[PDB]
């Protein structure tokens, strides 16, 4: 039996864990919390840490641990399960990427068609969308977007987008508040994450939902995909069944269990989600490097500059 530090969504983590027990008989305990907190906890603990595996919703947390030398190198077959152009790759072969979640624009089909949408997310911060586009300034995904824009187009383009959103866009407390705002007819469109809509639609019945998703693609900053991954800790006393859990995660069975309940893009190519998600390669997501500590501070100072926080 193993212990998994889970920075991933609980019903997701839980569904993949139960599937693992049914196939191997290996029980799984889950210590849930967010990646960066759990990563630090593992740092403090060290050699006598209870963690066998680290299931993170983000790549940065895995990097810090990898840099501290705390991660166990995985067998080649585990890593190749999700290998592909654009998919994050571990330098010390000590962690593997598993899934992705994209940024999108949700619009009101009662008033808009794909014809009326922009070809780049940078184009929404203009007078043509004054009071017609919504965003969530306190969202951790919104900041990730800021960080990618700076890496892809420079600092100047990032502050121009933000100040332009402040002057014409409309802020919303959460991503849920923003989605239900477009669904209510209070605002034309809004910048959010893909799974929010996919979940709402599955719950309500798509024939009753008036909102739809738009993907810019073409390596635009707005086509940004964020990845999930997993690793085994060198300090583990159950390493072989810890390696099995990571291989199950990267493999077909694991991928199918996760995509039966979670609307994230499967990195394993032999998997068909139960949600209407095209193959990840088709989103034409831009290639961006992992988010560092200084990079978050920079985007944080830029939101202050723009006056959104």
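Positions refer to the first chain, counted from 1.
104 to 112 and 235 to 243 differ in mean CA B-factor, and the higher of the two is recorded for 235 to 243. Stretches compared: 42 to 50, 262 to 270. Higher mean C-alpha B-factor in the entry: 42 to 50. Across the options 175, 99, 211, 214, the residue with the most elevated CA B-factor in the record is 175. In the PDB entry, the Cα temperature factor peaks, among 202, 153, 160, 128, at 128. Among all modelled residues in this chain, the alpha-carbon of residue 140 has a temperature factor (C-alpha) in the middle third. Split the chain's modelled residues into thirds by C-alpha temperature factor. Residue 250 is in the lowest one.
Compared with the other modelled residues of the chain, the Cα B-factor recorded for residue 19 ranks in the lowest third.
Among all modelled residues in this chain, the alpha-carbon of residue 299 has a temperature factor (C-alpha) in the lowest third.
Annotation for residue 166: C-alpha temperature factor in the highest third relative to the rest of the modelled chain, per the entry.
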